[PDB]
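Just one chain follows, in the form deposited in one PDB entry, and it is written as C-alpha cells.
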C-alpha cells in the first residue's frame, strides 16, 4: 500500500509514505518529504464537495494553484487522494513547500523598515500577478499569508453563500458596502495589514459589517459626497444617515511613537511609510492608490524588479453545481 494513516489531534491523516513525522500547523500539517528530501506543508480537505461554498472554493483553489506561477503565490508540489474511485472518493490532500510562520506572528514583531517594506513589496508583487491573470483577490488577510525566515513570503489562497461552521477586518469598503470594485480593492487590504504591522492592533475590528464600517469612519472620516453617489439607494441611505466623522489625519492615526525613528534613515522611512499608508487606507476607491503606483512608491521601490513585478500572467470558474457534480469535478482535477 502506498498510503498510511496517523491521527493528528482531532483528524486522521492518510498520506503517501514519502511524507513523514507530520506536525499540526493549522487543517494542515508540516511533514518531511523523503523523495524531495525537504519539508512540506500538507493540507487536508475533508469532503470538500459537502456543500457549494466549500466545493467552489476547493475547486477554484485547485485549478489556480496549478496554473499560476510566481514566487509570491503558493505553488503545489503534489495533490492526491487515498481513495481509489469516484464512489469511494472522500478527501483531497494538497502539498506545498513549508515556510516558517503566518503573517499574524510576524505582525506581532517589531520589524525594521527593510523587512516591513520587503514584505509589502512581495504582497504587491503577488497581488499584481493575480490581477494580470484576471484574478482580483478581495480577501487578503494575514492568516492566509506565510513567511520564511529569510523574509520571503507567499499568499496561500485566491480570495472570494451560507455555511454551517470568517475574518472580514481586511475587506475594502466596496466589498463591505457591496458596491462594485476594481483591482485596487486589494490595496485596501494591504493597507490594513501594513497599518496593523505598525500599530500592532487590528485597524478595523468588528463583530460584523456594521461595527466594521463604524470602525472605519471613526478614524478615516465619512467619505466624500461623490463616493456616496455610487452607493445603492438602500446602502447609500444607511451610509448617509450614519453619524458623521471629520476623520483623523495620519500623523495622528499612526503617531511617531509607532515608528523606528532614531536614526535619520529610520526617520525618513517612517515619513515614507506613513505617506504610503495614507494613500492605501482611502475609502473612495476612485482616490485610492493602485498597485502599480504603490510599487513605484519610495517606501516600496527599493525592491523593484521587472522579473518579479512584470512576469508572464497565468493562462486560465464562476459556476454552480450540485454535491454530486462538484464531487466529480474535483475528482477529475485531483486525477487530472
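Residue numbers count along the first chain shown, from 1. Superpose the two forms; the largest set of C-alphas matching within 1.5 Å is the rigid core.
Residue 316 is a gap in at least a third of the other entries compared, counting only those with both neighbours built. Missing-residue comparison: residue 122 falls in the unmodelled set for none of the other PDB entries checked, so it is not missing from a third of them. The segment from residue 316 to residue 317 is interrupted, since 4 to 9 residues of the deposited sequence in that interval carry no coordinates. Looking at mean Cα B-factors across 299 to 307 and 34 to 42, the upper value is held by 299 to 307.
Stretches 265 to 273 and 56 to 64 differ in mean C-alpha B factor, with the higher average recorded for 56 to 64. Residue-level inspection of the entry shows that, of 215, 128, 171, 201, 201 has the top Cα B-factor. Per the deposited record, 257 carries the highest C-alpha B-factor of all listed residues (78, 257, 90, 117). Ranked by Cα temperature factor within the chain, residue 11 sits in the highest third according to the deposited record. Per the deposited record, the Cα B-factor of residue 95 falls in the lowest third when ranked against the other modelled residues of its chain.
Per the PDB record, residue ranking by Cα B-factor puts residue 245 in the highest third of the chain.
Looking at the C-alpha B-factors along this chain, the one for residue 166 belongs to the highest third. Residue 196: CA B factor in the middle third of modelled residues in this chain (values from the PDB entry).
As for the form deposited with a partner chain bound, it is not shown, yet the points below apply to it.
Contact with its partner chain in the deposited bound form, defined as a heavy atom within 4.5 Å, is made by all three of 114, 121 and 149. Listed residues 109, 246, 210, 224 were compared with its partner chain in the deposited bound form; 109 is the one with a heavy atom within 4.5 Å.
The partner is absent here, but in the deposited bound form a heavy atom of 101, alone among 258, 101, 86, 235, sits within 4.5 Å of its partner chain. Heavy atoms within 4.5 Å of its partner chain in the deposited bound form belong, among the stretches 78 to 86, 93 to 101, 131 to 139, 182 to 190, to residues of 93 to 101. Heavy atoms of residue 302 reach within 4.5 Å of its partner chain in the deposited bound form, making it an interface residue. Interface membership of residue 308, defined by any non-hydrogen atom within 4.5 Å of its partner chain in the deposited bound form, is confirmed. Looking at residue 167, you'd find every heavy atom of it more than 4.5 angstroms from its partner chain in the deposited bound form. Interface membership of residue 241, defined by any non-hydrogen atom within 4.5 Å of its partner chain in the deposited bound form, is ruled out. Only one entry in 192, 198, 175, 95 has its C-alpha moved by 2 angstroms or more between the shown form and the other one when the rigid core is superposed, and that entry is 95. With the core superposed, residue 43 shows a C-alpha displacement of at least 2 Å between the shown form and the other one. Once you line up the core between the shown form and the other one, the Cα of residue 85 ends up 2 Å or more from where it was. Annotation: Cα of residue 59 displaced by at least 2 Å between the shown form and the other one, core superposition.
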